[PDB]
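Letters A, B, C, D and E name the chains as they come in the text, with residue numbers starting at 1 for each one.
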């Protein structure tokens, strides 16, 4: 079938990466010791989309782990569901690349990138049926931004016909440990526009705000923040794993959503969202998940969509349901929010059904959507970028390893381009 | 989990038994009337 | 010796053929294993001893729906080679299912067309099922219709197209697949029946009185349309028809071959007590403007031809008095150059009932295939929808980079435009 | 002798049949020892086959069928991955028809009764209990070993577990279905099962 | 009486006749001891006490497959002296098989062939399998064919040969060895049947759906071709084609004797019940270019003669209708100087299926041995391989210090060009 290659990069990227492999292993009924559990045909007929079979029958991951620390590599190895990952795909690099785009992209990260393209190669040319890549990384740091986008670039000239799909973690302005987010992220967006075609924006502001409000959480640990991300990750690729009535795809998502090819930045929702207090107490039906997917906070990015206009959206549903109820729910939500959709794109709503519900639920939906409110965060972190760039804030750590100041203004000019294109399509 | 085609496109004799267990079954009149 | 070949392309065609072959297998008494415990000669070849393989081919560029049929209960019914799985679905793109990934599938699917049509001479037609806005529904269907035109010259092609909805689209590239398919559907198919989706959702809502219908209930009603369409080839009747004269009785001009579809009665079993179903009222319910399966209001459409097929116990002249009353009733208006406007075929066998379906057992049924000038509204709304988004080059770079040339959209516009101007040239 | 001469099932078959031959000749120009086609046996005795909830099914319900032995393990990832596909083939093929055509008899490589029951709880076809010696006799008869630990009689292991083998009336193998074999078609070898020639009579 | 003596030279020859002498034992009821529990004399001879030993010789210079037969399941069916093996492999060298080590094995080979001649009356032929890419098969293939043609030159010297495939092969010196077989498969061979492994692979992976097949799965497919070709010699019935009518309606010229095999009801178990399995489609599949058992497209050529040996329950009326539509189809072409260029071999014996193989119980089969001018192309790729090899003295010194004389390499290239000269002038 369609092989999907998962690569996770960075301290942030490996933590969502491990949590994503809790979720899809629960969906496909796989033990942490690797063997399959149960008699569940509908979760095993499409096992090759994310898994490979391997000598003794262990469903080995197609997962590639890169991070230039001996940091979260051995914490996810010693943790639960960590004995799945191959003890070959772990590429460490024991020097550290702390909070620097230089130590991931140009220097240091460039010597270990020559071995992680090897692991991408021998995993992918085994079967020449690759539908896409799945990259997870944060742009507000070192290894995740630098070496993360460094693998992003070199994978695209070797397979220049297939999807790469980034569940990126953007700066998240308010809650921001360390001080070099405006330099690192702005000097990383201009590759996520050129050699990218499917970008998924994820902030820790709206991830915390989903926790504090739709779940009401008091001590939201980093484990269950990633559980919200991994649920949405498993829902956006549900059709590559389960049969359905209106079958979606990652390429069906890509062709249908993005306009002119630099507009590929998407909010993400996953909204059967309740607490455990009001967990028995909800009529879980199609007309009310549509009310929950289309109200601000439930979007995982901290850019408020009511200040903009959805150019094209998608409503990739998962569960037992009847189809004219999703069709009339898309039409009436376009009718009441007519100012929130675009006049030169009729019917700004993709729909699909993955049939098999998520584990535990009975219906769910993944709302990925292009918004012209997305430049709200782009101007936010470019404002932080120019406020530091005027006075020449901490830069000798960057240029000391070798980069030009002219390269930084190319990053700001290319990113200020993205602010203008969204504006003129708004 | 039982996907739609499996759950409804099963053979007619099995669906026959399953729904027999759940309750399957100018004007003109007959020659009597005048 | 009648022998019709069903070709299903696209994900819509595959599961609309699951119910189409659902109705055909339980009509003839053919079990899912293929055995019975010569009326079947038009849809089934008798293989070996006692088993009946369908005269079907299933095509999709994704495996996810077609190996679902292989792994389901209709495994041993079908010959395992015409089940065609691709490698990657075209993904809502006309250019990919036609140019790049559509080439590795047409050379082998038409190879089975070789081996399935070479059995007996006198092929009856091509019942092709597809979606219009789907990627492989429009692209792969176009490649088969072009290469069946060059391989078979004068053979009939009964195309059933699930047209885009007026309101629903479930895609934004839906005009880009609908407009560029009618480029390559006018000069290739012979009898093209247009179908909607929420028109039949409305049928399930009002006639069937079911709260939550879905696509598997769509395909049951459409299966009854195909069964009542080809009931003459399977079974005897008072006025037998044949699909080699449906084109000679429905379409006057070679370029206009677009028809509506209707069925009657659609009654739930719990409301079937309150009426005695007669021929003099199922014809009126068929002609009622909220009963068609395209959602095109026929009050502004001059009718040009009709094809009413009757099933079951029906006397031939309460048909004739039903057509007498609808000549004289004003709300359906006939065009002045076509004084007679009906063909009324009659078959003895009543329509069968699927177990677990919502259709009540009925002694008589009508299916109307009507050619009218109402289709001008169906194509003028897609006329407004396509160029409003093609105003500023939206989504064109996917098609251009996949094999289209910029300007193929342009010339596919003026021949869709020449399609509407012939309609009001008839209406005057 | 089929498929292997040096089988415990084969030698008990040989001793019983040739003992009847000696007694017949003593009671009576008789070929001694008897011929292999003339050799006859009852393969499953009366208390062998049990379906779910443990009711006894004799051999008389396997007539006119296509029956197959399934050697499996509870902890084997191969067996766990192959089990839903065989449930799927069983349910769709058997219920697609007026009568049911195939039958599976399960024999085990589980460590104990708990693993046996935990693996049995998902299976609706017939089964042979671990403590019955026939699950070892058929094991040595069909050459199916997880590892080389039986003192084997110059064999090689015909396959590793899981295995489906369709069985004839007198213990001959009708055709091998190659999951882990020379053809190695994992989970697609159940398609190769034909059921017209291997009628268990 | 009638008989065919089988000579198996080379590792390929031993393993093709390995499956051949398994099928020949199964079809007669020859148990693997010689004892049955007169249509057998062509392949077996009585031995007084009900024993049937094959009329065979297994020749191989290496003691690695012959001694494996001597410790196999057929030890007590072959004659111990009929299995003649050397001590040192020719080891992919035509120089060993023809100049150095082919002298202590060839005198014993003609000794056992001599004893196989004077125990049977009516010696029909010398059907031989060899391994022209490979030292023992080609080298002893040349010496056996020359020495048999100086003391027995009169009888048929029909030969099946495993020519290398164009892309896939398992050597580097086989372009040398294959052109060095040309002066034994041209002026000594009466009937040459071209084979290669890759096309046989394609047959068993497209038609039997064995995606990853092995060497023995090719040997059973060849063994069915041998049995169906020599099916007239044993089983009675309709029009009978022996090994004298073979090379008189098929071989046009004294040196144009290269043909191809197309046994094609090749269906495993799950595509057979689903199809007709009729006379009309087995001919269409046998004439299908992708079912050619050696890799050679007949469209890039021109047929001179074809002999379709039908077997099973076929009747002559379906045979004459099936060959009639081969004339009508314009894809398949024949020379202008052979208007009637077809032969039929209708025999009343269903083919035997090995119990545990990869075929079904097919009721009707056909294998057609066809001379076409397209078979110049399996030597045209051979031209290109030898030209780049021999241009600057490739693996040559292994021949040079082993009995080979220079200039023999060049005249083999000129003989191969002389064959292509005849095959390009005959198609005019």
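Miscellaneous remarks
The criterion applied here is as follows: a residue touches a chain if its C-beta (ideal position, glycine included) is under 8 Å from a C-beta of that chain, and two chains touch if they have at least 3 such contacts.
The chain list, named the UniProt way, goes like this: A = Tubulin beta chain; C, E = Tubulin alpha chain; D = PDI family protein.
Looking at B-D and A-B, the interface holding more C-beta pairs in contact is that of A-B.
Separating the CA-averaged centres of subunit A (Tubulin beta chain) and subunit E (Tubulin alpha chain) is a span of 61 Å. Chain centres here are Cα means. That of subunit C (Tubulin alpha chain) falls 50 Å from that of subunit D (PDI family protein).
Centroids of subunit B and subunit E (Tubulin alpha chain) (each the mean of its C-alpha atoms) stand 62 Å apart. Counting partner chains per residue, subunit A (Tubulin beta chain) has residues 40-41, 45, 243-245 touching two or more of them.
For subunit E (Tubulin alpha chain), residues that reach two or more other chains under the stated contact definition are 270, 273. Touching of two or more other chains is recorded for residues 3-5, 10-11 of subunit B. Arrangement of the chains shown, judged by which pairs touch: an irregular graph that fits none of the line, ring, star or complete shapes.
Pairs of chains meeting the touch criterion are A-B, A-C, A-D, B-C, B-D, C-D, C-E, D-E.
Residues 45, 47-48, 51, 53, 78-81, 115, 118-119 of subunit C (Tubulin alpha chain) are the ones touching subunit E (Tubulin alpha chain) in the complex. Contacts from subunit D (PDI family protein) toward subunit B in the complex involve residues 95-96, 98. Touching subunit D (PDI family protein) in their complex are the following residues of subunit C (Tubulin alpha chain): 31-33, 35, 37, 71-77. On subunit B, the positions that touch subunit A (Tubulin beta chain) within their shared complex are 1-5. Subunit A (Tubulin beta chain) makes touch with subunit C (Tubulin alpha chain) in their complex at residues 1-2, 41, 45-46, 129, 131, 239, 243-247, 249, 251-252, 254-256, 259-261, 312, 321-325, 327, 330-331, 344-352.
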